[PDB]
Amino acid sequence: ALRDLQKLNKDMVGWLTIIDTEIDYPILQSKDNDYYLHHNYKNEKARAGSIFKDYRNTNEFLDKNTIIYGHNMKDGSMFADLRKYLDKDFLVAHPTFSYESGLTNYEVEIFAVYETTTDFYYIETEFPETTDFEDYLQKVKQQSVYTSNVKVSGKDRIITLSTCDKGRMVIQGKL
């Protein structure tokens, strides 16, 4: 049982909490974007899976776009509550959430909210230049269902919450 505890300490890479939702979960991470679709935080088979960080994101300080995935569970668990952000009332009352990494906590300031079925541009993690990230931000701001008070520049860094399972639900916020 302490073998399982050592496993958990490598696998769990953070914590996520959004007030007034079920989303209050450990963030897991493996070598791909698949294992934690099908396993819980104890590494046992489970359809609900876990909340998990994209395998490409391994540097908080430099990653321009860190992506966290979870199922849109029909029982309302995992990332089903991301859809509350399509209700304007909820968004105004919850402009931020908290994201812990392995080091420390951030209060993320949401600036874009949308659903998407076939346009997955938002999953880019690699930006040769600072100018490439500003093109990215322009595109995803335009994809948003709201115009945001929050301005954000190619100099900022962001975090993306996304379902992974018709359309995905996506929330993006400024670190």
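Don't overthink the numbering: it's just position in the shown sequence, from 1.
**Report entry** Chain break class at residue 165/residue 166 - deposited residues not modelled
**Finding:** Count of unmodelled residues in between: 4 to 9.
Query raised in the report: Mean C-alpha B factor from the entry: is it higher for 63-71 or for 136-144?
Result: Comparing averages over the C-alpha atoms only gives 136-144.
Query raised in the report: Out of 96-104 and 78-86, which one has CA B-factors that are higher on average in the deposited record?
Result: Going by the record's values, the stretch with the higher mean is 96-104.
**Report entry** From 123, 150, 113, 27, residue of greatest CA B-factor
**Finding:** Most elevated C-alpha B-factor of the set, per the entry: 150.
**Report entry** Chain third (lowest, middle, highest) by recorded CA B-factor, residue given as residue 55
**Finding:** Middle third - that is where residue 55 ends up once the chain's C-alpha B-factors are sorted.
Query - Relative C-alpha B-factor of residue 22, binned into the chain's lowest, middle or highest third - result: Its C-alpha B-factor, which the entry lists for residue 22, ranks in the lowest third among residues of this chain.
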